[PDB]
Amino acid sequence: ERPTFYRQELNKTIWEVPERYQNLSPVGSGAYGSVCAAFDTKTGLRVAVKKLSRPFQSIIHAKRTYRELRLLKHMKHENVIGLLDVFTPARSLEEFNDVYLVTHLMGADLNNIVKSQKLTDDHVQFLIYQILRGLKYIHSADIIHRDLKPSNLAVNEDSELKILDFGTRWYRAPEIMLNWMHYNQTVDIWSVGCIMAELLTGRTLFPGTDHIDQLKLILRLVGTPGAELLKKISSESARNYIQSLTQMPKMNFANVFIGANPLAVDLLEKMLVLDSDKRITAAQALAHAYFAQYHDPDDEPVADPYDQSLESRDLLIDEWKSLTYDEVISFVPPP
Ligand SMILES: C[C@@H]1CN(Cc2ccc(F)cc2)[C@@H](C)CN1C(=O)c1cc2c(C(=O)C(=O)N(C)C)cn(C)c2cc1Cl
Ligand SMILES: CCCCCCCCO[C@@H]1O[C@H](CO)[C@@H](O)[C@H](O)[C@H]1O
């Protein structure tokens with residue numbers, strides 16, 4: 001049977017939430033949407049409840065709601081944000097107006113736990129281990145995150161980590177920067193290297209002041225693209241630009257990451273390769289010697305594959321709304 005809901009004005013709208021969720025107060029000051037921290041009386045968990053905004057206002061709004069709901073419903077993994085609950089106060093499709101999503105309150109992100117300080121090599125092994133475990137899962141579902149950065153990485157005080165928002169500009173692969181039509185999963189590996197470097201050194205690896213500045217910082221660490229990478233460039237404008245570059249040597253990473261664990265440096269080398277086909281994958285990185293104290297080949301699960309074609313249809317609002325409603329009704333909460 002439907003829970004008892006209660007009405008309580010929050011974020012200058014009337015929230016209606018099941019009574020199980022207690023003590024709602026806003027968090028993140030709108031950086032996350034319309035979100036409140038809550039106490040879930042049923043599970044004993046501190047949770048974040050998100051009231052979707054304007055979810056069926058337009059075709060693109062409707063479409064995006066459906067997508068956010070389907071993605072979250074599909075993600076079931078310790079290192080990826082999933083759903084504890086999804087509800088609407090509506091009894092019918094004709095009543096259906098609002099969607100609320102519930103997940104774990106981790107309560108900080110990566111910056112909020114690091115504060116520009118060098119981390120110990122052991123704490124860096126733990127944090128990167130968890131990103132790569134989570135990313136192995138997302139990638140097995142055939143999803144590319146594309147904007148993996150510290151603000152997208154939720155961390156509790158115990159430094160247990162979940163990846164959020166899955167599918168600044170400082171963590172972005174050069175081809176994402178340059179708006180290449182195609183890319184592979186290892187765009188996210190590039191982001192993990194930037195994150196890992198910054199964790200070890202205390203400092204942002206490529207703090208470009210703008211797009212071109214970033215690119216010059218990247219090229220200066222990893223050399224100008226060699227002959228083999230140039231053979232893979234389609235765009236004549238990009239080709240012309242590259243050849244017009246003054247060639248330069250890849251920097252030695254031992255001299256950039258002075259004093260680091262040599263296994264960390266070895267991993268950084270394998271992640272931060274200009275050519276995306278040549279970067280280590282997440283499943284491979286998880287087997288690298290760097291993570292020996294954490295790697296467990298029997299607890300690094302893969303996802304059932306995910307149909308992105310269902311979310312990129314051109315449908316009517318009412319069609320996307322009735323679909324989204326069926327996702328709500330069909331929700332079965334985790335064990
Ligand atoms: C992933 C959850 C929920 N998330 C929104 C969300 C996503 C999916 C979903 F289904 C429900 C809610 C954001 C609030 C971030 N979030 C957090 O735990 C979080 C929480 C915070 C946060 C706060 O919690 C806080 O300031 N207080 C006072 C509790 C401050 N920062 C910088 C935060 C960063 C994150 Cl990532
Ligand atoms: C300054 C110019 C250097 C930018 C080089 C980025 C090269 C990234 O690598 C390229 O990734 C593409 C995916 O986007 C694939 O099409 C290619 O196979 C791969 O070589």
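When a residue number appears, it is its place in the shown sequence, counting from 1. Hydrogens, waters and symmetry mates play no part in the numbers below; they use all other heavy atoms, side chains included.
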Within one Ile-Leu-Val-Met-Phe-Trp-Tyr cluster: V35 and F166, side-chain cutoff 4.5 Å: no
Nearest 0.5 angstrom please: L127 CG to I113 CD1, how far? 9.0 Å
Does the pair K232/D277 count as a salt bridge with the N-to-O cut at 4.0 Å? yes
A side-chain contact here means heavy atoms from C-beta on lying under 4.5 Å apart; do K42 and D85 qualify? no
Go through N79 and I163 one step at a time and tell me if the side-chain contact (heavy atoms from CB on, under 4.5 Å) criterion holds. CA-CA 6 Å; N79 312 127; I163 298 169; 5.6 Å; no
Is there a donor-acceptor pair closer than 3.5 Å between any side-chain N or O of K149 and the backbone N or O of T168? yes
Qualifying ring pair (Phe, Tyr, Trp, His ring centres under 6.0 Å) pairs, either residue in residues 39-86, two or more places apart: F56-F96, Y66-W320, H74-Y306, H77-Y137
For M75 and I81, what are the C-alpha separation, side-chain angles and deciding distance, and is it a side-chain contact (heavy atoms from CB on, under 4.5 Å)? CA-CA 7 Å; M75 302 290 111; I81 289 296; over 6 Å; no
Just jot down the ring pair (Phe, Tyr, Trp, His ring centres under 6.0 Å) partners of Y21, sequence neighbours excluded, or say none. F87
Can you confirm whether the side chains of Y129 and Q293 place a donor and an acceptor under 3.5 Å from each other? no
Nearest-0.5 Å distance that lies between atom NE2 in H104 and atom CG in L83: 10.0 Å
Can you tell me how far the NE2 atom of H123 sits from the NZ atom of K118, to the nearest 0.5 Å? 14.5 Å
Please check if any side-chain donor atom of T103 sits under 3.5 Å from a side-chain acceptor atom of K162, or the reverse. no
Is a side-chain N or O of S244 found less than 3.5 angstrom from the main chain of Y241, in a donor-acceptor match? yes
Between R2 and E95, is there a salt bridge with N-O shorter than 4.0 Å? no
Can a donor-acceptor pair be found, under 3.5 Å and without considering hydrogens, that links the side chain of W170 to the backbone of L205? no
Do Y32 and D165 have side-chain atoms, one donor and one acceptor, less than 3.5 Å apart? no
Under the criterion side-chain contact (heavy atoms from CB on, under 4.5 Å), I'd like the reasoning laid out for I195 against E198: C-alpha separation, chi angles, the key distance, then a yes or no. CA-CA 5 Å; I195 292 167; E198 164 171 356; over 6 Å; no
Under 3.5 Å, side chain of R46 to main-chain N/O of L105, donor-acceptor pair present? yes
Using side-chain contact (heavy atoms from CB on, under 4.5 Å), reason through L101 and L52 one step at a time and then give a plain yes or no. CA-CA 8 Å; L101 314 168; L52 288 185; 4.3 Å; yes
Do the charged groups of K250 and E269 touch, with an N to O distance under 4.0 Å? yes
Is a side-chain donor-acceptor pair under 3.5 Å present for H182 with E175? no
Are the side chain of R133 and the backbone N or O of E300 linked by a donor-acceptor pair below 3.5 Å? no
To the nearest 0.5 Å, how far apart are CD1 in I218 and CE in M177? 7.0 Å
Point-to-point distance, once rounded to the nearest 0.5 Å, from CG of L219 to CD of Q247: 12.0 Å
salt_bridge(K278, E228) N-O dist < 4.0 Å: yes
For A37, does its backbone N or O pair with a side-chain atom of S25 as donor and acceptor, under 3.5 Å? no
I'd like to know if the side chain of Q185 reaches the main chain of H139, judged simply by a donor and an acceptor atom lying under 3.5 Å from each other, with no hydrogens or angles considered. yes
List, by chain and then residue number, the residues other than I144 in its hydrophobic cluster (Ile/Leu/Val/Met/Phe/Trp/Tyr, side-chain heavy atoms under 4.5 Å); write none if there are no others. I176, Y183, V187
Is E327 reaching over with its side chain to a backbone N or O of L323, donor-acceptor style, under 3.5 angstrom? no
Taking the side chain as every heavy atom from C-beta outward, state whether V273 and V222 have any pair of such atoms under 4.5 Å apart. no
Ignoring hydrogens and geometry, is there a side-chain-to-backbone donor-acceptor pair from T88 to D98 under 3.5 Å? yes
Between the side chain of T186 and the main-chain N/O of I189, is any donor-acceptor distance below 3.5 Å? no
Between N11 and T13, is there a side-chain donor-acceptor contact under 3.5 Å, judged purely by atom types and distance? no
Strictly below 4.0 Å, N to O, side chains only: are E311 and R70 in salt-bridge contact? no
Hey, what do you get for CG (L274) to CG (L221), rounding to the nearest 0.5 Å? 10.5 Å
Any donor-acceptor N or O pair under 3.5 Å, side chains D122, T120: no
